[PDB]
Amino acid sequence: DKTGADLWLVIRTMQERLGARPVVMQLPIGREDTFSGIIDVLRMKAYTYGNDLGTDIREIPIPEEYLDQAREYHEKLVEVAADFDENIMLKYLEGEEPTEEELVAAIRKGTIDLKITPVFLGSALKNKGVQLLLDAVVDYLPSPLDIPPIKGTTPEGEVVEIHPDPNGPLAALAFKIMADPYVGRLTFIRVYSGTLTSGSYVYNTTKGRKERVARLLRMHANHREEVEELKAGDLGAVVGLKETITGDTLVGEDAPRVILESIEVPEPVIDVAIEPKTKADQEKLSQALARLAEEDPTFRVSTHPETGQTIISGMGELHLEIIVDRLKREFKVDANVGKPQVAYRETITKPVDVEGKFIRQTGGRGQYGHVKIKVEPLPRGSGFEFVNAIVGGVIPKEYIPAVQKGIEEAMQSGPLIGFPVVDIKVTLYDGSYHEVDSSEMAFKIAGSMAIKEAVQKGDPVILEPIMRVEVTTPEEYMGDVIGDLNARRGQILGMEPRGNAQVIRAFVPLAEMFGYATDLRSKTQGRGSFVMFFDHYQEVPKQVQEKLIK
Amino acid sequence: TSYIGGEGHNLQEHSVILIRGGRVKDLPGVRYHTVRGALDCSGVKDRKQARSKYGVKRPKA
Amino acid sequence: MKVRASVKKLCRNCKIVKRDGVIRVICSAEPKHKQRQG
Amino acid sequence: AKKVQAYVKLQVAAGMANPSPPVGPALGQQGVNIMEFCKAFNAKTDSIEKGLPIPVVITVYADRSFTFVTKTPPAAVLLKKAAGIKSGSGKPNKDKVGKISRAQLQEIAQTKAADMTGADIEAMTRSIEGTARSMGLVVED
RNA sequence: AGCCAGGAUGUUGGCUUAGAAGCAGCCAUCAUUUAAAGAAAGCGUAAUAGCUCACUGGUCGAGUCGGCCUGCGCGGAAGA
């Protein structure tokens, strides 16, 4: 009924976009503002609507004109239904009309196979096409029986169908917990086998727990119908149970302690930096997820393994956003929300060679250690390599371990900002010692000095993290998709087509890669998706060198 | 403050633990132990003897 | 448009007119190429 | 010889016969199949050979599959397995890089019974001599 | 100058090419058939691109193009 409301236009898309085999099941009388009645081809009957309050309806025959338009669509329908019932096929060509009962059987036996999609219509606000869509329900919508059995696994290990027989083992899945003020914890469940019973005992294999279901309950659109049992294929809520969180498999209290499938894998796409202000809030936050992570396992919490700050795994802007209201409100926590940091690395360009001296001779524990090394940069992604390059043994055998633990060590705080100075090869080619003064330790320092300076001297370079990304996009949007990525300090790598879509691979800096979801979904109106992996570290464009001196 | 007993623990900033009474006469001002295998605390990888302390499940034999 | 002491044909589709008494650039293909006060 | 309506060219060889990595999804995403491609494809590809880069027609209207009458390979596809380098350029004019000849790719240019301008097979002879010199080679012609 | 036309062949061009098939990038700037068509002019696709160009035919039918020397003018030009 709303302007631009063109039925066809949809179908001109439902096969143009996704591309299925929909079937015109109705033709509206009065396109848009002139929304009166409607017509069902299959049953060639016409109904009408005199109002929008949903009262003055009626099945009034076709209004003069129109009529003709029908037929053909009621023929194609039957012609369509033909690809299912040979009976509704011959009778077609012979000149007989399929029975209103065998005709339905075709459509129905056809949808259920995911081959066709019966299209109907009507202003839901004006109460139109609803009572007819409802018939559309039963008439073509599958029954808990017409559907393919759930697989589960025995305690031993082997797949197996779960039969919808309300007399086999009891097998039910859970899917939604809710706190009721009147009856408390509610656990809506979909039964598959056996039959749950009011005032019994169940068993959740998932968390090996004996739950005691006390009361069964069915939600009626306006009251609490308290029933006595849910037989396989039926849905409702149980009252009792405490350890039963989402996706839980409940069997009889003796049945094969089996576990259904359920395995869904919707990981994240967008994260944020959450620093809980003074250590005070850092707690309110712990509890925050300690209950929020059960009330929605559609996220992930992680403490950045390199810098305190914790990440908040989401599945789209809004997602994390509205958590930020509850986690900050219904938890009164008030922290910070900026963006993650980047795991940088230090290293050098030119190879150097400096002295590592220590000696402290005043009178006793002399402390005498000294060494010379050969520092040389290695390919971005080389690692750590030292060199026991001591001839006869100017540097005793027993002290090398320690002169390494010293070099290895020092490499912790970079010469520039203080990050893991990596990607280099070290060569100990000299250094002397003292008979009495030297110490395992005295050397660990001297060597931790030779290094603490070769990097300062060999011109340091602030390396950074590069990612591997693959945006799946219809080459429709592609054009800009690649652009945007270029203007992101990134350099493209290719696009080997996929399905109707096309994939793009390339590298990027984690800094200039934040909140990419809501940027990709921008250049693609939604038809865009990406992945991401690590690869290597690489120099910052110098302009970003003095930038980081923070 | 609290000891984290055992060899190797996966604990960090923000980790909620449970802790019991038990000083560590060696470190000063450590009058408590972290209860391995409690809330966020982990049982110790690979342990075999004395598992119940150190929070480690009887390995599926 | 840009208004400025040195107006020039930018692309090959700029034309330079004068109207009233004022040198302007028109350009069929480039709104940005519009110019005044030449 | 008519007008627009159905043709792509984006392969890796007659070797790989319908892959999804360096191509794949849009190997057929409008009226062509990610699957059809050892059918009308290998209607002769493995009868004769799988080991030279070659695309082919699509000829699309509204008749289930396609009528892409298939055919020839490029002319630096035979600068790897018939003349020279398996990649090529390097530093292309920083010197002579590589080097071919006249014999080198006569009967190698000479086969195509489907493509080339002119019965003069001295003219469409040196017609391919610079697909090898789009890389910067030497002329032992 | 309009207008009616053509705008190609190796070559989807080899290529540190994830995908390039002229395009920030690759190098050179050579090379086939024609009336003539640039391994390159463009706003610019997920790529095949669709659509105009530099360059060529027809039409029309006598003028047309823009450097130099000089005169007078024009914009550049807002204050209590």
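All chain D residue numbers match Swiss-Prot; in order, they span 2-142.
Structure method, as recorded: electron microscopy, 8.3 Å.
For all residues, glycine too, the Cβ spot is worked out from N, Cα and C.
According to Swiss-Prot, the protein has these features:
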MOD_RES   D:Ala2  N,N,N-trimethylalanine
MOD_RES   D:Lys4  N6,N6,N6-trimethyllysine
MOD_RES   D:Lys40  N6,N6,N6-trimethyllysine
MOD_RES   D:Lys72  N6-succinyllysine
MOD_RES   D:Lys81  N6-succinyllysine
Between D:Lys40 (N6,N6,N6-trimethyllysine) and D:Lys81 (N6-succinyllysine), the C-alpha gap once rounded to whole angstrom: 28
In the chain carrying the residue listed as 'N,N,N-trimethylalanine', residues 6 or more apart in sequence that have Cβ under 8 angstroms from it: none
Distance from D:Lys4 (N6,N6,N6-trimethyllysine) back to D:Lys72 (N6-succinyllysine), taken between C-alpha atoms, in Å: 19
Cβ-Cβ neighbours of D:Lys81 (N6-succinyllysine) (radius 10 Å): 14
Number of Cβ atoms other than its own within 10 Å, given for D:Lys72 (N6-succinyllysine): 13
Rounded to the nearest Å - Cα separation of D:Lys4 (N6,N6,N6-trimethyllysine) and D:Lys81 (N6-succinyllysine): 35
Greatest C-beta neighbour count within 10 angstroms, which of the modified residues D:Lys4, D:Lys40: D:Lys40
DSSP three-state assignment (helix, strand or coil) for the residue listed as 'N,N,N-trimethylalanine': coil
